[PDB]
Amino acid sequence: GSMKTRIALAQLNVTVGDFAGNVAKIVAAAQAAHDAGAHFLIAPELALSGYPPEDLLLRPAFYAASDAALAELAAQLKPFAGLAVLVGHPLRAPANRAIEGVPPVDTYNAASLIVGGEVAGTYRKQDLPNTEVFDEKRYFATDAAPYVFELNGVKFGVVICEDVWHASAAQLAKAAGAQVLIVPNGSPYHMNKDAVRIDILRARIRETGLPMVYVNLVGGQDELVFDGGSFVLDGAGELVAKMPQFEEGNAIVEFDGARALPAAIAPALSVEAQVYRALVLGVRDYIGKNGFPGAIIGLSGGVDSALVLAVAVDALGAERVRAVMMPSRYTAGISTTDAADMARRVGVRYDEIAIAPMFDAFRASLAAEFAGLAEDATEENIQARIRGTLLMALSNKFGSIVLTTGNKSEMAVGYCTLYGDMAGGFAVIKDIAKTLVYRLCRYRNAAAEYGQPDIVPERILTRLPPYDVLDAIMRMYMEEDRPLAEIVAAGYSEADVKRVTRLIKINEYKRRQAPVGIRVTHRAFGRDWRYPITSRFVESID
Amino acid sequence: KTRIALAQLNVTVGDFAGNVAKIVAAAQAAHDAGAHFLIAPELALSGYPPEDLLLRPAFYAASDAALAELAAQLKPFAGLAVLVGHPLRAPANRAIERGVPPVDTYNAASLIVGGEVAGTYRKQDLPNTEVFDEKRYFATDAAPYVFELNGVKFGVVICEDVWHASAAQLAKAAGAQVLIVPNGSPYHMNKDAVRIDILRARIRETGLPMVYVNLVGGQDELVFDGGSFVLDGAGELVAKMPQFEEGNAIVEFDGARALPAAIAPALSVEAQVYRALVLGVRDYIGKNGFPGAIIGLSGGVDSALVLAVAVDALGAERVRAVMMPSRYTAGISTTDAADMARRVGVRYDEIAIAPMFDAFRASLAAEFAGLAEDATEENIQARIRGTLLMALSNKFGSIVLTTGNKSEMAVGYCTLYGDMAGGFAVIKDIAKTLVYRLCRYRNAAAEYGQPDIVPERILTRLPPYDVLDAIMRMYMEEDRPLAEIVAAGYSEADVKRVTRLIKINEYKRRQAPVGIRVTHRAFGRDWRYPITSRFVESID
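Chains as they are written, first to last, in the authors' numbering: chain B, -1 to 92, 98 to 103, 105 to 467, 483 to 561; chain A, 2 to 92, 98 to 467, 483 to 561.
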């Protein structure tokens, strides 16, 4: 009659550009699948490269690196006899020739099946998302060809992420003989996204009658948090397996012929629990993937910075977080008392630095122009900028990142100060409306699993080469996306090319907060240059 | 002969009223010159590029109302037809679903004749590389538009429609004898050569003359250079308008044959780049309603260049220079800074930073006990200067123009909130090598009585939160019209206050650190708005 297929769902937390580490994570997942006796392992969208790599996908050397990593991966999977692996990767058709300026022609968002240490086949994405947070029509060409393969007597069809948004890809896969659809995803979290996913896949299942296996990335990548939540629906649309959100790992699910069999279904999290876990994972990964030693948080004594402190301690542990209160002459005693209280509750280092001497000095320096004028936002903003300068000094001297505490409501109506309360590396609650800030504090105070309860005070809740050389290397690397080896071949030293290009990468975080400026070249540091901050891509010099 | 007016207009994103006034003024001039036809640039009516305004149903409603008003205002110009670009949504403020591809929104150009829209072209090939993202906003249409004026058939294609053979072929098969091309083509060095080459590839395939009308003016990072031109049916250049200037020019056709007209004199690459910087500064200040500019002067070449550009853009009376010496700033620097400001005739002030710096040092002395002073203390100094310039900006309203160059941006020789503190980074795309060339250019281009801007020595050296949040969610997250937010039970006062502050503070959000997305419409890549915008939505 029918055979069983034992499938490992690899809900991986890969890192943009970290080919070596990503290969190691996929191999580790494969080892675990082998240890469990699986026939088949499925990894997420663009697992090999991490996701989304943004304008790395315009750089020929990035695709060359991906191809080399895919070959390394296949070699390392070869020892797992009988285990096939479906892995996402960027693909350029048959290397370092320029990527033109004109639409994508021969680059694809792909998933390849590796069998016996060789690529057995490849699917290329059809429906490229180019709305919201994605710009895949900037990077990839479309392909309409289905990919169906046989494994344990069952025909499996592959489609990738937003291919499920319309009828077309699934119908082409079914017409090519698919009996089960396999879907690698890089689907970022938002509130109610878990419901959206199951609704869209049910629409496809109504049309095709085919069960669907949905495997998602997990982890933080700059503004995005991938929540995992991989799942399986049977051919009637019933949920038969569901992995936890916001956790990395592997789960085993089974099929008997084309029938999806029941497995573990993680209980649903409340919307508040999902949002809080997103914030924790985002902070944990922005610090971890970038290699920061810890975090600094300016505490006002108010609820916004209280939430950020709670999230940071949950993400990093108290030993890697410090809190700084910076009172002015106006600062109420209850504010410093409240700030010190919460720092004690979570066991973080707490320091106070008075800003009056700096503020007095600024005020003195401007006395001639401002005298007799009403105090307004100008004076408040100077105070905020003094605070930003202090936190950035501590960050610059000892290396921890400043986590900023401006909420979405404040961002919206401009109740914030450039270079002041906005000064820092990562805006933890930039997408949390003030109303939700309160709800999340109540949530966390009650959430036993995090350890210490009631950490946010209840009372706040009821209230170089020379320039000619440097510029030449910049033009070739930045403006023209040339491989480092081609820059060296044009007559520049390996030492100079390495030094300049490393510094260009290192300083992405800084450029991304720069004021807008005037474009006069064909590749400026504006909309022409859309790079990840979190990235471990290091291109070989030769 | 057919007389065609090329309206090389400087429109403003969102400024429907003012853009209409500019087009009507151009039409008046054309009518006085006996023109049969006037051609305006790509998305002239709305300004270009409006970015995520093109996801907002009210923006298309405003555009339709503006097009109706324009047609009515053009009606007295008997005998003159006007081709105008505009965003178009097919037949009101029903939601534009942002989670699926555009379906019924187009980049359009309509011909107005006798005070009525006679016909409409919709763009076919949408740019979605470099600085453009039109596949986020618009659907493709491969229908041609060809009309007859003074006995000659004219076909319309829009900007990047010329990158491939298709649109021109479809127009020619629909009867076109001359192709008319509205553009929103931004400047970059050598872009002028790219434009003529691509149009010549099309003319090889069609044999039809082409009329290329381009936008001019600054729009956030972009500077549109104008440089509108005509090629005859063999690809010969027969007319060319100046770069970086607005104007109207008449070109004539004898039947379908393009006749020679004025060809503007050329500009060196340095001269072009310099004028782009001037126009960009002039328009960022002007279109955003800033009263003037503030520049931190170090005595070095970069801030000298930015001072020169600012004075040329705005006039000396709208620029002030501030030198902020530390205890040990070299005397040569403050003399050179003061001298530069005198030469261009601008207000100059010195504000010593040692008292602030000493106060920061004392406040951090326990924390930094035993450690050498290093880049950390240099950065504190840079941040003090940024705070000073921003205080002047905050109190009196002028924008701070920052002086970091492209080389510095590249390798990180710059300080967040310090030398990067300000509103507009004039030379962010000028490599250090090019800074020197532009200073030499500006010295070379000096007027009589003005001497070197830069000396040789230097060159060779609110409702409650529950209500606020509900209004934010409807306006920002859901792109709802203001009138619908009012109809949901919120006061006109509250809705106006909250939504005007959202717009006003775009400049500020755009310098914020990256943060975590948890909603379907965060202030990251979900929200791509122009800073320069005069879009004001009606409350009813």
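Here a beta-carbon is modelled for each residue, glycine too, at the ideal position from N, C-alpha and C.
Option in the options with minimal Cα separation from residue i
i	options	result
B:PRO107	A:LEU84, A:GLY392, A:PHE138, A:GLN29	A:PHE138
residue 597 of chain A	A:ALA67, A:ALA171, A:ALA314	The question about residue 597 of chain A has no answer, for chain A in this structure spans 2 to 561.
B:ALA59	B:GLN225, B:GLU499, B:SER274	B:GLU499
B:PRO457	B:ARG448, B:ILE552, B:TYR423, B:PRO42	B:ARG448
A:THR439	B:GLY306, B:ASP260, B:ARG446, B:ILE492	B:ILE492
A:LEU483	B:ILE436, B:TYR419, B:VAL312	B:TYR419
B:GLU462	B:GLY302, B:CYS445, B:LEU39, B:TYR218	B:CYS445
B:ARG57	B:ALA34, B:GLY35, B:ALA26, B:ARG100	B:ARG100
A:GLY306	A:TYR442, A:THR146, A:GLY190	A:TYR442
A:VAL184	A:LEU205, A:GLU558, A:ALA314	A:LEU205
A:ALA272	A:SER332, A:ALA199, A:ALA336	A:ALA199
B:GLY321	B:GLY298, B:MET330, B:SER309, B:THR335	B:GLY298
Span separating the alpha-carbon of residue i from that of residue j
i	j	result
A:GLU258	A:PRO150	24 angstroms
A:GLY19	A:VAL12	8 angstroms
A:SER512	A:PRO502	14 angstroms
B:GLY392	B:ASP131	44 angstroms
A:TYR550	A:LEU10	22 angstroms
B:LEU283	A:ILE537	7 angstroms
A:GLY125	A:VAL119	9 angstroms
B:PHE78	B:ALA28	8 angstroms
B:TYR280	A:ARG281	51 angstroms
A:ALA270	A:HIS32	23 angstroms
B:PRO215	B:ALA115	19 angstroms
B:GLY428	A:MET247	47 angstroms
A:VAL460	B:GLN532	30 angstroms
As assigned by DSSP and simplified to three states, the class of residue i
i	result
A:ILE102	coil
A:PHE374	coil
A:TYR528	helix
B:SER413	helix
B:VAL350	helix
A:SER554	coil
A:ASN156	coil
A:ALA264	strand
B:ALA240	coil
A:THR439	helix
B:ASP355	strand
A:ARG128	strand
B:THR3	strand
B:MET329	strand
A:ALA282	helix
Bounding residues of the alpha helix (DSSP H) (the contiguous stretch that carries residue i)
i	result
B:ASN385	381 to 402
B:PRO188	It is not in any alpha helix (DSSP H) - B:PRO188 instead sits in the beta strand (DSSP E) that spans 184 to 189.
A:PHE363	360 to 369
A:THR466	462 to 466
Unbroken beta strand (DSSP E) run spanning residue i, endpoints
i	result
A:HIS87	82 to 90
B:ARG206	Segment 197 to 212 is the alpha helix (DSSP H) holding B:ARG206; no beta strand (DSSP E) there.
B:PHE259	253 to 260
A:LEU313	Per DSSP, A:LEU313 belongs to no beta strand (DSSP E); it is in the alpha helix (DSSP H), 307 to 320.
A:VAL119	111 to 119
residue 470 of chain A	Not modelled: residue 470 of chain A, which lies between 467 and 483, the two residues flanking a gap in chain A.
(request) Compile a chain-ordered list of the residues in the segment 238 to 262 of chain A whose CB is closer than 7 angstroms to at least one CB of chain B. (result) Here the close residues number zero.
(request) With 7 angstroms as the limit, tell me which residues of the segment 2 to 22 of chain B have their beta carbon closer than that to any beta carbon of chain A; keep them in chain order. (result) Using a CB distance below 7 angstroms, no part of the segment 2 to 22 of chain B faces chain A.
(message) Closer than 8 angstroms between beta carbons: that is the criterion. Which residues of the segment 360 to 392 of chain B meet it against chain A?
(response) For the segment 360 to 392 of chain B, which is checked against every Cβ of chain A, the residues closer than 8 angstroms are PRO361, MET362, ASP364, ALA365, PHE366, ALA368, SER369, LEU370, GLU373, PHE374, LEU377, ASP380, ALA381, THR382, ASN385, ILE386, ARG389, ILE390, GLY392.
(message) To be precise: take each residue of the segment 211 to 231 of chain B, compare its Cβ to all Cβ atoms of chain A, and keep it if any distance is under 8 angstroms. Which residues remain?
(response) Look at the segment 211 to 231 of chain B: the residues with a C-beta under 8 angstroms from a C-beta of chain A are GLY224, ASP226, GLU227, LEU228, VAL229.
(request) Below 7 angstroms between beta carbons is the criterion; list the residues of the segment 286 to 302 of chain A that meet it against any residue of chain B, in chain order. (result) Listed by position, the residues of the segment 286 to 302 of chain A near chain B (Cβ gap below 7 angstroms) are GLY286.
(request) Could you name the residues of the segment 537 to 561 of chain A whose beta carbon sits closer than 7 angstroms to any beta carbon of chain B, in the order they occur along the chain? (result) Within the segment 537 to 561 of chain A, the qualifying residues are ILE537, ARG538, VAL539, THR540, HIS541, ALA543, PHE544, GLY545, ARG546, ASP547, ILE552.
(message) What are the residues in the segment 186 to 200 of chain B lying within 9 angstroms of chain A by C-beta distance?
(response) Of all residues in the segment 186 to 200 of chain B, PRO192, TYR193, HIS194, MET195, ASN196, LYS197, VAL200 have a Cβ within less than 9 angstroms of some Cβ in chain A.
(message) If the cut-off is 8 angstroms on Cβ atoms, which residues from the segment 139 to 161 of chain B count as contacting chain A, listed in chain order?
(response) For the segment 139 to 161 of chain B, which is checked against every Cβ of chain A, the residues closer than 8 angstroms are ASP139, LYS141, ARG142.
(request) Using a Cβ-Cβ cut-off of less than 8 angstroms, give me the residues of the segment 396 to 407 of chain B that come near chain A, in sequence order. (result) When C-beta distances to chain A are compared with 8 angstroms, the residues of the segment 396 to 407 of chain B below that value are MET396, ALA397, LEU398, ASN400, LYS401, in chain order.
(message) Beta carbons nearer than 8 angstroms to chain B: which residues of the segment 424 to 438 of chain A have them?
(response) Per Cβ criterion, the list reads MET426, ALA427, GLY428, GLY429, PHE430, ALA431, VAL432, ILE433, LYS434, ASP435, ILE436, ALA437, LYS438.
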